[PDB]
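**Q** When you get a sec, could you give me coordinates for this:
(chains A, B, C, D, E, F, G and H)
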Amino acid sequence: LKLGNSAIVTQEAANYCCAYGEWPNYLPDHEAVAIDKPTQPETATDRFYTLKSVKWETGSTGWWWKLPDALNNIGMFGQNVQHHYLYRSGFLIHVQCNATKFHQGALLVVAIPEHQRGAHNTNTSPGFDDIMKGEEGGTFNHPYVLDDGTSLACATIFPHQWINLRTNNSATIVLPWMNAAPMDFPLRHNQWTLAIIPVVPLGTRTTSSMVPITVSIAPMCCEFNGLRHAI
Amino acid sequence: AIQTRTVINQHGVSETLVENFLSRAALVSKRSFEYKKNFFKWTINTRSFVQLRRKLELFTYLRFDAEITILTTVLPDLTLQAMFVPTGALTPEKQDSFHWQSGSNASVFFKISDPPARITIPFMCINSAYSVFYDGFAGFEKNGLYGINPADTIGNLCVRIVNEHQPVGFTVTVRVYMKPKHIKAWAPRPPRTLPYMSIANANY
Amino acid sequence: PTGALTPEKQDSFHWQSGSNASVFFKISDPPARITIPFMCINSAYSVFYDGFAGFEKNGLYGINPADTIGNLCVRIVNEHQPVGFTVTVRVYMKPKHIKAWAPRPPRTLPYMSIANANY
Amino acid sequence: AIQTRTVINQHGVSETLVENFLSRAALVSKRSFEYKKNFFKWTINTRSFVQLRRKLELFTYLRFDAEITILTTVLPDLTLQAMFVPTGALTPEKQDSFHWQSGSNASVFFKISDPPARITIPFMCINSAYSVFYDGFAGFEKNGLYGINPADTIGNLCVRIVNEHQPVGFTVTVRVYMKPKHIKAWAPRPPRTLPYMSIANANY
Amino acid sequence: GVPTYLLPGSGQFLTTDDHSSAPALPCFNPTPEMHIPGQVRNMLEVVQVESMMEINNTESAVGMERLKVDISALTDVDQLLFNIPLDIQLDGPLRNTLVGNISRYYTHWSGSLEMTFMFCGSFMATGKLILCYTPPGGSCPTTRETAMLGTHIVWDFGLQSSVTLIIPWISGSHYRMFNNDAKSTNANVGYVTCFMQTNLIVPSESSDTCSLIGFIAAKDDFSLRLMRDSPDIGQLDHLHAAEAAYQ
Amino acid sequence: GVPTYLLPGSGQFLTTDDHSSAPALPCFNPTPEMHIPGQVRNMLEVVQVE
Amino acid sequence: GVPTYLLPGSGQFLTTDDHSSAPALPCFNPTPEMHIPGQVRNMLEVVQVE
Amino acid sequence: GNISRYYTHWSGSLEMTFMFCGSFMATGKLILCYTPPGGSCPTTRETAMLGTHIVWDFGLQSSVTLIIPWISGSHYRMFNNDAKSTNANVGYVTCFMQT
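**A** Numbering: from 1, shown residues only, chains lettered A, B, ... in the order given. Please find the structure below.
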């Protein structure tokens, strides 16, 4: 995938499964709001910002991220969050792991929009630090109920692919702009919620097989507000 | 303990459309008060009954209209008022407040011998659709109520006895009904099976 | 109708359910009127049922499970008032769009019960 | 203390037209009286409420119609009368005056179990438009009330209990509403920010 | 003036009627629409999407241990693994599925289904299984031999880790027929069993335990009727902040 | 608005009248018909049988 | 006679409704208009002035 | 600021204008710097120039025209009580002394 500055090479092509049916589409025919001459940089964002490698042991229970949150700190897109307040962008997600032929297990990449979280066995809303994790991401405490009372058994309604360690080791999901308003704020709203969930744990003769899992994120067609003006 | 069957021939598809999946006009609030706080104020939040809360939270964004019908049970010629108050204008706090005399907000006037009143309210959300689940924070400083969208507000109605203080005392019972129309939904979501614990958020 | 549960107390939460049909009307008004379509899961109502509802031997001979329609419930909406009163309720039923089949001779000997034909 | 934003797409221009800028039908008078002076007389002046006075004084000349709706709250079969009296004819001063029996002026008759009454009054100003601010003197001799146009008059309504003196006594509450129609304005003027001090003139 | 008169049924208030009304705020223009992706128009566009069931039906399976069953190379000779009663409204392997949460709102259902399995063993592992269908007339099979006489398929591991099974027809209702508040259980329909054809073969390196996951998806003939309420939550529980608007 | 007035005989309830009504369950499709043999349309098709 | 029935919401009184009414003084001709200069038709013709 | 009090939601572009009224012999340069709604107000002369800035003197023209690109606004009654949520801070129009 030779895109801009970086190129994640030597991957099975798999499928560029669109989420519902669409593409980022550059947002045309809107002049009643944000008349500030949107700059829309394109060739200065496409890098494939990669993340920290995680370790998936036997008793592991999954991870989760927030997409406008985890990219506030890194790169040219990390700088463009500051000194701007309106944006619109589509994403690209490349999830890839690696193992031998002797391991066995199943993973489930799923992406939820507007995934409101919750806390276990209390009556207090979660704090600001319980949401804004950043790059590293958080951990499910109750994966069977997704920490909101909704069943994981019905969670295939979202766009998803099945990483199965007997068959493949990669997945690719394209997300369009999913928001009520056309443009949004980075520091107080997160549209999508990327999360991976182990379904079948691993197994081998020894213990503590790491199976390092790597997630790479790349914004497809971003835009911002105006910064340079005549008078 | 009797186990029977019946062969079923059907051809209907338009029964399961989303427009007549939500057109049923369930009850949303039931509260009585007295007059001898002498009125009734109620925010137009939707997650008050679990028969309607679980039924509504299958989706992500939707857009509809209100169709509010107020039914009143309770006498010489009782006249009632239901002054709607949207955002931006202030709410009345006393029965003879000058917010009642304001004309800039909508109001009705109706008796008891009449059939009960009926209005409808258009889509007043400042986005393009209502946000059911809000995955963010209303505010910049850290203590923000996680899961309250400022675009989620609608307003609040206020019900008041119009008549003078009479030498009899009485008690008025007020019921509200809401019928959604012109339904357009997006992005279906799996239902919640574990029981709710509060109305402000999702806990279990 | 069938499938949903019936209320047993005046302030039961089956009254607050919206999933079933309901009317609301006064006394000074003319009395209420609705109509109910054909809700039998067969193509026609079975008047005489020559079989058994169930597999085990004690089945009520002559009750079709498709013969059910529902049940209406009439309730005073108002609060408990310091006066007491007594309400009289009458029901009328007008069949429309009639299609019948297979005429049968009438019964002349008098009925003895409502559950079956005995004499 | 929460500071949020929302992008707003709009295309509506006809919302801010002058015809539906003033069609809101605010309240103009609220007064009750008794019967056991036993009636209610009210000049149809417009600057009685500051919610409507400041809203009206943006302009210089305008032309519209009344659409008066009288709402009555208060019993065996109360019948009420609202005899309109324009200029030129005399006003009643007692309940059984012979100005009530005059046919030459308009009158209505209505009960309490009915919905409340409704009439409308055409443009009766002898100029081509109402004069909001009058920069002159009504009269030739020096003591003239500065700022009262003789063309500014409309009339006055009188509300009377029709029924006989009954062995019960009661108290009637009367409210008036006025809805302008067919609006044509001229020469816009800046609003007043300093508070009013009287109803006859502009002082501060 | 025109001559008029009233019907019986004037002044009433139905809950399912449809008539026009009065706008509370006329001359108020709403914000216009937008091409939001992922629009649904019919409720049958949910049950056509596949979803997993709970195979491990026994007790003391708390959490996500119900989504999988384990076969052993230690001891698995000819014994039964699992079976599915095709009853949606009853508890079991099909209670909290995707189609088991939409069909609770309705009363009558009819259509065909599609089950799917996905084996997740190692790449070196082999072994054959067998899936046997049961007609709604008789009883569930017990041994391996008596199950083969129905509609049976033979599915191994080394070639494909996926398989597709078509359910021909289901039905259902609730049948309130008594005089009292009773619940007439629907009749028993079908069995979807799985027996051990051959014992598991693993090499000396990998673990000796494999896993199974069962999927389910409805076809495009699945039809619904007579929407009612669902007892899935309960009446009420203790709410923390019960009243906010009122005060 | 149109001008209206009432007749004598308003608000009554006949037992042999014929007017339209309100459906209790709208958008509910009944099961369709079937060619059931032995259909009768007139009551005189009984007394003609011996 | 035509058959009629009532809706919920009869006899009420909105404050933002729009229906015709009865004239209090019919056959009364108002004084006609005149070309008064400085006519405004839209409230946005004020905030455009500096 | 007196018509928009009657409404709730407003959106559009504006236009500011200045008119200097010194003597005919007097000279001197000024500077007008715009601020985007994101950051904070400038403090010195140097930090204000990095935004949208113009240089306007006295001897040639006593008038100048500035275009505001976009504003917005609402009132946001979102609490349970009678509270007033202040709208967010948008823009700054500053003026420093060049000479």
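
**Q** mind listing what the residue nearest to residue A:70 when sequence neighbours are not counted touches?
**A** Counting by CB to CB, 6 or more residues apart in numbering or on different chains, residue A:70 lies nearest to residue A:135, which is 5.2 Å off, once chain neighbours are set aside. Using the backbone N, CA and C atoms, a C-beta is placed for each residue, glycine as well. By CB atoms under 8 Å, 6 or more residues apart in numbering or on different chains, residue A:135 lies in contact with A:51, A:52, A:70, A:73, A:74.

**Q** give me that answer again for 10 Å
**A** A:49, A:51, A:52, A:65, A:69, A:70, A:71, A:72, A:73, A:74, A:78 (CB atoms under 10 Å, 6 or more residues apart in numbering or on different chains).

**Q** and if you look at residue B:160?
**A** Taking CB under 10 Å, 6+ apart, one finds B:35, B:38-41, B:79-83, B:92, B:95-97, B:100, B:107, B:172 in contact with residue B:160.

**Q** what's the answer for residue A:79, then?
**A** Applying CB under 10 Å, 6+ apart, the residues near residue A:79 are A:72, A:73.

**Q** Just checking, which helix or strand succeeds the helix or strand it falls within along the chain?
**A** Assessed by DSSP states H and E, residue A:79 sits inside helix A:75-81. Scanning forward in sequence from helix A:75-81 by DSSP H and E, the next helix or strand is strand A:87-88.

**Q** and residue A:72, how many neighbours does it have?
**A** Neighbour count of residue A:72, defined by other CB atoms under 10 Å in any protein chain shown: 18.

**Q** surely it meets residue A:82?
**A** Yes - counting by CB atoms under 10 Å, residue A:72 touches residue A:82, with 8.5 Å between them.

**Q** what touches both of the two?
**A** A:186, A:187.

**Q** Would you map the helices across the chain?
**A** Just so you know, I chose chain A. A:67-70, A:75-81 (DSSP state H).

**Q** actually chain E
**A** Counting by DSSP H, the helices of chain E are E:44-47, E:99-102, E:145-148.

**Q** Please render the ones you listed as JSON lines that adds mean neighbour count to the earlier fields.
**A** JSON lines is the format used below for those (neighbours: other CB atoms under 10 Å in any protein chain shown):
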{"stretch": "helix E:44-47", "mean neighbour count": "20"}
{"stretch": "helix E:99-102", "mean neighbour count": "24"}
{"stretch": "helix E:145-148", "mean neighbour count": "14"}
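
**Q** Residue E:15 is nearest to which of those helices?
**A** Shortest separation from residue E:15 across the helices of chain E is recorded for helix E:99-102, at 22.8 Å, computed as CB to CB.

**Q** is chain C contacted by that closest one?
**A** No - Helix E:99-102 stays clear of chain C (CB under 10 Å from any CB of the partner chain), getting no nearer than 14.2 Å.

**Q** contact partners of that helix?
**A** In contact with helix E:99-102 (CB under 10 Å, 6+ apart) are residues A:151, A:153-154, B:16, B:54, B:58, B:190-193, E:43-44, E:46-49, E:51, E:53, E:87-95, E:109, E:111, E:113, E:216-218, E:222, E:224, E:230, E:232.

**Q** Ok, stretch A:32-41 next?
**A** Stretch A:32-41 has contacts (CB under 10 Å, 6+ apart) with A:26-27, A:30, A:76-77, A:80, A:84, A:86-89, A:181-183, A:221-230, D:6-11, E:31-32, H:11-13, H:36-37, H:69-70, H:72.
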